[PDB]
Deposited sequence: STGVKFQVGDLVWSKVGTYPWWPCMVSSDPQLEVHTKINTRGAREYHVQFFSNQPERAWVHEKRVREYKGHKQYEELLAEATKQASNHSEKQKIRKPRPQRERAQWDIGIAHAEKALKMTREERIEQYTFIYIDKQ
């Protein structure tokens, strides 16, 4: 178990770019990590965004968030070929990064307090 609740991570989910997140406990399972139905480890994360979302993410698609400038190192893992950055998505990503940069300056307990989502049935 590489990550704990409140840890800042980048997550690569679906068609979206590497995205700033916080590890958190699933509101129903009450765990932040599990072994999936294919036998692989996953972590439960919250995406920093103006549109809050959560997901279970394979451990290979989760990375410690050390700072926003790490994005270039993540793009490297994959003439130089670069994907363009769609305007609306870029704007949402910049918002998420601003929150993650603020969270980086907080303690783990402060981050848990400030950002853990409230889930309503």
Requested in this report: Could you list the ranges of the deposited sequence that have no C-alpha atoms in the model?
Outcome: 1-3, 82-91, 135-136
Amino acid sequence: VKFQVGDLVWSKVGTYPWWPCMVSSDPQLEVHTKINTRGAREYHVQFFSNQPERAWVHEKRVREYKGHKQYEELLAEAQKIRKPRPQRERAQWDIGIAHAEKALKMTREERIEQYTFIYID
From here on, numbers count along this sequence of modelled residues.
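What we label the rigid core is the largest C-alpha set whose atoms superpose within 1.5 Å from one form to the other.
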Query raised in the report: 61-69 versus 34-42: which one's CA atoms end up farther from this form in 9 other deposited structures of this protein after a core fit?
Result: 34-42
Query raised in the report: Would you say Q51 goes unmodelled in a third or more of the other compared entries?
Result: no
Report task. Check whether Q92 goes without coordinates in at least a third of the other compared PDB entries of this protein that model residues on both sides of it. Result -> no
Query raised in the report: Averaging C-alpha B-factors over each stretch, which comes out higher, 39-47 or 87-95?
Result: 87-95
Query raised in the report: So 22-30 or 68-76, which one's hotter by mean CA B-factor in the entry?
Result: 68-76
**Report entry** Residue with maximal Cα B-factor (values as given in the PDB entry) among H58, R63, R82, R54
**Finding:** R82
**Report entry** Ranked against its chain, the third holding the CA B-factor of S11
**Finding:** lowest
Report summary line: Here the Cα B-factor of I120, set against its chain, lands in the third termed highest
